[PDB]
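In what follows, a structure is listed as structure tokens, so that the remarks can point back to it.
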Amino acid sequence: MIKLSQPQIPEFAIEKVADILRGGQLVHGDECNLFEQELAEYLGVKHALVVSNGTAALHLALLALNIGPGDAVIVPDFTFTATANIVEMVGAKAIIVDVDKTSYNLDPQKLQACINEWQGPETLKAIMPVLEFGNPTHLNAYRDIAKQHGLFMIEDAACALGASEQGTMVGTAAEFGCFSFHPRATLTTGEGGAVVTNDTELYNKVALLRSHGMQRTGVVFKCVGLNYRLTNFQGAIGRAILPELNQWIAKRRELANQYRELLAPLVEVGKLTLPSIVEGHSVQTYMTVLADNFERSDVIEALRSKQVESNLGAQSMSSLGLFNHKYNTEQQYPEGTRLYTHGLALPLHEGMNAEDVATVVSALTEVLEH
Amino acid sequence: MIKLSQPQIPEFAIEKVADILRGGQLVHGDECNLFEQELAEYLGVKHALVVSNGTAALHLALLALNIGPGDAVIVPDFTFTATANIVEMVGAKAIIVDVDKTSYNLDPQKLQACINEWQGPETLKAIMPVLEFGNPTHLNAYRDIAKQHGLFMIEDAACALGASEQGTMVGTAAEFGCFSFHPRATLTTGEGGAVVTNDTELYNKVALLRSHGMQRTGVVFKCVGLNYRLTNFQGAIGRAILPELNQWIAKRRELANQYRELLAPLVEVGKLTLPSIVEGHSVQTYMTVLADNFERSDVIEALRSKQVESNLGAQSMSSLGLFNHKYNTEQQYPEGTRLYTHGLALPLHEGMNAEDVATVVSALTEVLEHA
Ligand SMILES: CC(=O)N[C@@H]1[C@@H](NC(C)=O)[C@@H](OP(=O)(O)OP(=O)(O)OC[C@H]2O[C@@H](n3ccc(=O)[nH]c3=O)[C@H](O)[C@@H]2O)OC[C@@H]1OCc1c(COP(=O)(O)O)cnc(C)c1O
Ligand SMILES: CC(=O)N[C@@H]1[C@@H](NC(C)=O)[C@@H](OP(=O)(O)OP(=O)(O)OC[C@H]2O[C@@H](n3ccc(=O)[nH]c3=O)[C@H](O)[C@@H]2O)OC[C@@H]1OCc1c(COP(=O)(O)O)cnc(C)c1O
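Quick note, the sequences are listed as chains A and B, same order.
Under the working numbering, the first residue of the first sequence carries the number 54, and numbering increases by one thereafter.
Under the working numbering, the first residue of the second sequence carries the number 143, and numbering increases by one thereafter.
Below you can see the structure in the form of structure tokens.
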């Protein structure tokens, strides 16, 4: 099977994990602390904190910003369900705004309209744009819009570590950036994530919330908190991969260019559309959109039988019945709905070569012919 | 240093972790599924779910029971701060009740009185007894009290996997049992935990909440949820240790009796009191209480200089200034406060032998002579 991902953890990292298990510290230790330092340096951001997973990162960002009951946060229609779920979990309401069809990211015009029209009853406190599939498109616009309207911005950069727009590293534009180290995420720790910020007060708050409100001095419990700590052995894995991330992103960009060339016939005859792999895109996922006449579920099944793993890219929040703020049924979300219904992620990861891309395109061509 | 714990992960499990990293599934997979089945069998409970940590287990239990804003949960005064924190995190109020001097567990008579006096304004929905340091004392009474008063019971069994009272395994008495696999917890996965229950509807709810509301026609998102999944390689570690747990607990109980014997001279002259290591205690921590005349922080430091790791056992919730419900401001908590201020955990783990216990007792005797 040509898979959506197939992370290769360096053997020296496996050996380090074994050493840690055999005779090292298991909870967050030197490996996690060094990983944080190295992540911060990589991003050019003041602070990083590693955490249990990318959902945990978003959760902690919301909590550190005192977003909760009585509040609202804008999310894109097209994203993984965690983005909207985690807003609701802290007691806030997820306010859905459509994405644009080119980038698959929160549409800045529709975002402006939502903010402009907002009059409560909840207090609109934040935007949570997703840099979907590694696409940084609109990063700086989101920052500008948040600043214009006095909103916090939490980047859901789950799939976008290493991406950048116009000199701004994704995750670093405003209050918080949140990353995932799920096995689809290029840098993986099995489960894992990170919260980054340039604001030391926010860093200190997240550090408390991550581990029971504990401040080292002996230990003082400063506030109520959670446990979202990453193990030291997970940290070891991640920091072993980080020095390779740029090379892996470069490889993914080359593979994407191969897809762009090989898929042009299918585009020209109208059977699908391509993602727009802009400068700074980290190519975490390569999602096409099939023409309406194809049943996407049947295409996935047929590709599986031809040893190609494919899937939808992400969900349409408005389609799920979970985010029932009044705003969310005042208009339709045609772009996110199209991407949810017709989107098709094709394998693209650093373990593939150009021949593997040709294999996938051959299989897809065959399936869409018959 | 003789340490509070020193987990020995079997080499075969390290090899399995390596195999998983090299060529296996990293997210919750067959190892986690088998671990759940084996945990449930070990406990004689219908269902188990492994999760990121013991705090996550408590969190999910609260959420699955719809405990949140407007509600209240009773917690013991003496516990790790997570117990009371996680109640507050879901929007409920932690209502503190003192512990027993002897067992260090929630005092059933003081529990009864708190429930009797409760008249709001919040809705009192649950008790969250802690089986502290692996002590099962009062497990069945907590169940009986919860049933008598129409309350849910969530066992904070973070430190008590393998403990039992009167034939009931800790974690299995009522709605939920919550365990930790932190490195002090005998069975460790570095970080990890488990939620257990006999109620299939509660099981299904927690499984949804643990992974984004996902139900596997294809995936449906049934409800809003979190990510508290344990990795497949953490699951592999935990299920490798579980078959050893009873033997490790038996070893710990042997060591506890060595402490009891050797510490007797200090007890006799009033320098400290001992824990009561009852039948069914899993001996996750061995916590003494120093006499008031000792500065515990100084004892800890002196012991460290003599290659003995020691610490307080747990915190006093009423002492922290975090749990400010009216009830907690009016009630007094002398027992939990004493255990917080004067408790001293001494190393006790399955990697120690009798010689090591003697070493610790020698060092403590020396320190308390020169204090
Ligand atoms: C774009 C993408 O990668 N989405 C993933 C999402 N998948 C779908 C179909 O929705 C969903 O993945 P999942 O459905 O669980 O798995 P999958 O998409 O079917 O991937 C399976 C494939 O991935 C590979 N894989 C697998 C395991 C593993 O251990 N070895 C491995 O190789 C292998 O090829 C598998 O067949 O969640 C992860 C990813 O999303 C998480 C996420 C989050 C939350 O972050 P975390 O809490 O850290 O997860 C926030 N915010 C955004 C915008 C997010 O995208
Ligand atoms: C009794 C006990 O073991 N308490 C731990 C608690 N410690 C203190 C002093 O409060 C506290 O530990 P900590 O203060 O961080 O560390 P420590 O007590 O000083 O232990 C350090 C020693 O432990 C050993 N250790 C360490 C790492 C590690 O990787 N290798 C290792 O060997 C080693 O000897 C270290 O020096 O948290 C864990 C434990 O409590 C968690 C817990 C929870 C929450 O569960 P989780 O979310 O899974 O944690 C709920 N509910 C209850 C009733 C709980 O007790």
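Each residue gets a CB set at the ideal place from its N, CA and C atoms; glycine is no exception.
(request) Could you round the C-beta distance between A:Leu399 and A:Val420 to whole angstroms and report it? I think they count as a contact, below 8 Å. (result) The pair is not a contact, with the Cβ atoms about 11 Å apart (cut-off 8 Å).
(request) Please state if the CB of A:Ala114 and the CB of A:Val277 are separated by a distance shorter than 8 Å. (result) no
(request) Output yes if chain A places a C-beta closer than 8 Å to the C-beta of B:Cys256; else output no. (result) no
(request) Could you pull the start and end residues of the beta strand (DSSP E) that B:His189 belongs to? (result) Counting along the chain, the unbroken beta strand (DSSP E) around B:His189 starts and ends at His189 to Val193.
(request) Spell out whether any CB of chain A is found under 8 Å from the CB atom of B:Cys320. (result) no
(request) Select from B:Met270, B:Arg446, B:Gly493 and B:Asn435 the residue whose C-alpha is nearest the C-alpha of B:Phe318. (result) The shortest C-alpha separation from B:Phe318 is found at B:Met270.
(message) For A:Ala238 and B:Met231, what's the separation of their Cα atoms in angstroms?
(response) Distance between the alpha carbons of A:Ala238 and B:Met231: 29 Å.
(message) Can you confirm whether B:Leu462, when its beta carbon is compared against all beta carbons of chain A, has any partner nearer than 8 Å?
(response) yes
(request) Indicate the three-state DSSP secondary structure (helix, strand or coil) for A:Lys146 in the structure shown. (result) strand
(message) Just checking: is the beta-carbon of B:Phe220 within a distance shorter than 8 Å of some beta-carbon in chain A?
(response) For B:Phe220, the closest Cβ of chain A is not nearer than 8 Å.
(message) Between A:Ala66 and ligand 1, is there a pair consisting of the residue's CB and a ligand heavy atom that are separated by less than 7 Å?
(response) no
(message) Quick check: is any heavy atom of ligand 1 less than 7 Å from the C-beta of A:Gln201?
(response) no
(request) Verify the CB distance criterion: does B:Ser447 have a CB-CB separation below 8 Å to chain A? (result) no
(request) Residues of the segment 70 to 82 of chain A with a CB closer than 7 Å to any CB of chain B: list them in chain order, please. (result) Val70, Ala71, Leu74, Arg75, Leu79 and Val80
(request) Decide if A:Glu244 is buried, meaning its Cβ has at least 16 other Cβ atoms within 10 Å, or exposed. (result) buried
(message) Could you give the first and the last residue of the continuous alpha helix (DSSP H) run that contains B:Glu343?
(response) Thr342 to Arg352
(request) Output, in chain order, the set of chain A residues within a Cβ distance shorter than 8 Å of B:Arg371. (result) Against B:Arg371, the close residues of chain A are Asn106 and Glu244, in the order they occur along the chain (beta-carbon pairs closer than 8 Å).
(message) Are there any heavy atoms of ligand 2 lying less than 7 Å away from the beta-carbon of residue 128 of chain B, as far as the coordinates show?
(response) No statement about residue 128 of chain B is possible, as the shown extent of chain B runs from 143 to 513 and does not include it.
(request) For B:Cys174, name the three-state secondary structure that DSSP assigns. (result) Helix.
(request) Would you kindly report the start and end of the unbroken beta strand (DSSP E) that includes A:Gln268? (result) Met267 to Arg269
(request) Please find out if some non-hydrogen atom of ligand 2 comes closer than 7 Å to the beta-carbon of A:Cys85. (result) no
(message) Just checking A:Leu343 against ligand 1 - is the residue's beta carbon closer than 7 Å to any of the ligand's heavy atoms?
(response) A:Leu343: no, Cβ never under 7 Å from ligand 1.
(request) Please find out if some non-hydrogen atom of ligand 1 comes closer than 7 Å to the beta-carbon of B:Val169. (result) Answer for B:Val169: yes, Cβ within range of ligand 1.
(request) Determine the chain B residues that contact A:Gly278 at a beta-carbon separation under 7 Å, and present them in chain order. (result) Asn227
(request) Figure out for me which residue from B:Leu506, B:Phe323 and B:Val362 has the closest Cα to the Cα of B:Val409. (result) B:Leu506
(request) Just tell me which of B:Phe275, B:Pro218 and B:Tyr184 has its CA closest to the CA of B:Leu486. (result) B:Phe275
(request) Taking A:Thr134 as the query, report the chain B residues whose CB atoms sit under 9 Å from its CB, ordered along the chain. (result) Residues of chain B passing the Cβ test: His354, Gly355, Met356, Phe363, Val366 and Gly367.
(message) In the DSSP output, which residue or residues are listed as bridge partners for A:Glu208?
(response) A:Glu208 is bridged to A:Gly230.
(message) Which of the three DSSP states is assigned to A:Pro161 in this structure?
(response) helix
(message) Spatial neighbours of A:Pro129 within its chain, please: C-beta separation below 6 Å, excluding the five flanking residues on both sides.
(response) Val152, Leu159 and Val183
(request) Write down every uninterrupted run of the beta strand (DSSP E) in the segment 316 to 389 of chain A whose length is 3 residues or greater and which is fully enclosed by it, in chain order. (result) 339 to 343
(request) Verify the CB distance criterion: does A:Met142 have a CB-CB separation below 8 Å to chain B? (result) Taking Cβ atoms only, chain B reaches closer than 8 Å to A:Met142, which makes this a yes.
(request) Pick helix, strand or coil for A:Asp124, following the three-state DSSP scheme. (result) Reduced to three states, the DSSP call for A:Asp124 is strand.
(request) Select from the segment 111 to 132 of chain A all residues with a C-beta closer than 8 Å to any C-beta belonging to chain B, and list them in chain order. (result) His112 and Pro122
(message) Three or more C-beta pairs under 8 Å: does that hold for the segment 165 to 173 of chain B against the segment 367 to 375 of chain B?
(response) yes
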